[PDB]
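Undergrad:
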Amino acid sequence: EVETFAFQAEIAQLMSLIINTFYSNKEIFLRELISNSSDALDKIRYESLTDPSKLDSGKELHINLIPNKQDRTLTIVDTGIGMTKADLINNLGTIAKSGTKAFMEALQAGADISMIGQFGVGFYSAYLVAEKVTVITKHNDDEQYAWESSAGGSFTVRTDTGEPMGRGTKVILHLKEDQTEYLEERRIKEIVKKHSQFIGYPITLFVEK
Ligand SMILES: CC1(C)C(=O)Nc2ccc(Br)cc21
Numbered sequence: 653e654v655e656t657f658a659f660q661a662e663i664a665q666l667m668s669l670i671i672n673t674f675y676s677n678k679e680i681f682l683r684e685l686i687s688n689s690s691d692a693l694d695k696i697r698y699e700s701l702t703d704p705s706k707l708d709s710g711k712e713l714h715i716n717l718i719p720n721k722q723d724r725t726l727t728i729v730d731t732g733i734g735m736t737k738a739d740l741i742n743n744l745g746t747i748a749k750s751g752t753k754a755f756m757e758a759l760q761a762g763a764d765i766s767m768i769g770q771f772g773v774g775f776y777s778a779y780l781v782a783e784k785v786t787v788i789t790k791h792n793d794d795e796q797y798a799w800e801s802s803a804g805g806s807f808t809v810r811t812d813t814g815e816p817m818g819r820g821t822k823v824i825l826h827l828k829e830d831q832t833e834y835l836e837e838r839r840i841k842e843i844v845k846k847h848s849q850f851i852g853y854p855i856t857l858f859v860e861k
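The end of the sequence shown is residue 861 by this note's numbering, with every number in the run present.
(1) Can the beta-carbon of residue 844 be found less than 8 Å from the beta-carbon of residue 685?
(2) Do you know offhand how far residue 658's Cα is from residue 774's?
(3) Three-state secondary structure (DSSP) at residue 839?
(4) Residues with a Cβ closer than 6 Å to any heavy atom of ligand 1, in chain order?
(5) Looking only at its own chain, which residues have a Cβ that is under 6 Å from the Cβ of residue 808, when we skip the five neighbours before and after it?
(6) Please state whether DSSP places residue 714 in a helix, a strand or coil.
(7) Hey, could you find the ends of the alpha helix (DSSP H) residue 820 is sitting in?
(8) To the nearest angstrom, how far is it from the Cα of residue 766 to the Cα of residue 796?
(9) When we look at the beta-carbon of residue 838 and count the other beta-carbons within 10 Å, is it buried (16 or more) or exposed?
(10) Please return the same chain residues whose Cβ sits closer than 6 Å to the Cβ of residue 744, not counting the five positions on each side in sequence.
(11) Could you compute how far the alpha carbon of residue 784 sits from the alpha carbon of residue 825?
(12) Check residue 704 in the structure and name its three-state DSSP category.
(13) With a threshold of 7 Å on Cβ separation, who are the neighbours of residue 736 within its own chain once the five nearest residues in sequence on each side are excluded?
(14) Mind checking who residue 782 pairs with in its DSSP beta bridge?
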């Protein structure tokens, strides 16, 4: 059972700008997704300070980066607070309508795409490098769901029958053919060191056979 939704017009416009604008500094997508994971880990940590049972779904707070050259995917896994189905539908827990408005005003006022995270819509920078994005998520108060979009104005949501997650979010980037450098270990390491050196959770870069 798969539900198909239209993006709000402003979000579809944001996605088309990210996909169509000539902009060489694509590597910032990874900083933005790691920052989002850190924010989600902060949220479950704060909740756990007054209710330790919030971590019954997993005590470890971490970020894993998993490249797969055979599938041409880069997956960012975190054990943060996760998202409910309602969160997924509501622009993956963001205030994307107002954030997009502020971002596009900044772009015509000097700013560049790399500042996207300052407007709360950094997730969508995934489309700098991915032709399709799948988001698997599990929040303590809901079931496990899969969100997916190849842009083009729509996204899908379905209950996820895949591997149970416990709690958190997996962002699966199905990379564009010409963006496979982001599967190479030395390139990922360079980006993490350059942009994510102060993230307060362990970031483990998995290696491949
Ligand atoms: C914003 C979004 C979708 C992301 O890009 N990464 C991540 C991690 C945890 C949660 Br909850 C939500 C997210």
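The C-beta atom is built at its ideal place from N, Cα and C for all residues, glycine as well.
TA: In terms of the structure at hand:
(1) Taking the sequence shown and counting its residues from 1, the one referred to as residue 844 is at position 192. Taking the sequence shown and counting its residues from 1, the one referred to as residue 685 is at position 33. Cβ atoms of residue 844 and residue 685: not closer than 8 Å.
(2) One-based indexing of the sequence shown puts residue 658 at position 6. One-based indexing of the sequence shown puts residue 774 at position 122. Each residue's Cα considered, the two are about 20 Å apart.
(3) Along the sequence shown, one-based indexing puts residue 839 at 187. Helix at residue 839.
(4) 685, 688, 689, 692, 730, 732, 733, 734, 735, 744, 745, 775, 787, 821, 823
(5) Here residue 808 refers to the residue found at position 156 of the sequence shown. 654, 656, 800, listed in sequence order.
(6) As a first step, residue 714 is located in the sequence shown; it is residue number 62 there, counting from the start. In this structure, residue 714 counts as coil in the three-state DSSP scheme.
(7) The residue you call residue 820 lines up with position 168 of the sequence shown. That residue, residue 820, is in no alpha helix (DSSP H); its beta strand (DSSP E) goes 820-827.
(8) The count along the sequence shown starts at 1 and reaches residue 766 at position 114. The count along the sequence shown starts at 1 and reaches residue 796 at position 144. One C-alpha to the other measures close to 31 Å.
(9) Working through the sequence shown from its first residue, we reach residue 838 at position 186. Label assigned to residue 838: exposed.
(10) In the sequence shown, residue 744 corresponds to position 92, counting from 1. Here the set comprises 775.
(11) Here residue 784 refers to the residue found at position 132 when the sequence shown is read from its first residue. Here residue 825 refers to the residue found at position 173 when the sequence shown is read from its first residue. Rounded to whole angstroms, residue 784 to residue 825 spans 6 Å at the Cα level.
(12) Position 52 of the sequence shown, counted from the first residue, corresponds to residue 704. Residue 704 falls in the helix class under three-state DSSP.
(13) Walking along the sequence shown from the start, residue 736 turns up at place 84. Within the same chain, residue 736 has close Cβ partners 791, 793, 794.
(14) As a working note, residue 782 is residue 130 in the sequence shown. For residue 782, which the question treats as bridged, DSSP gives the partners 827.
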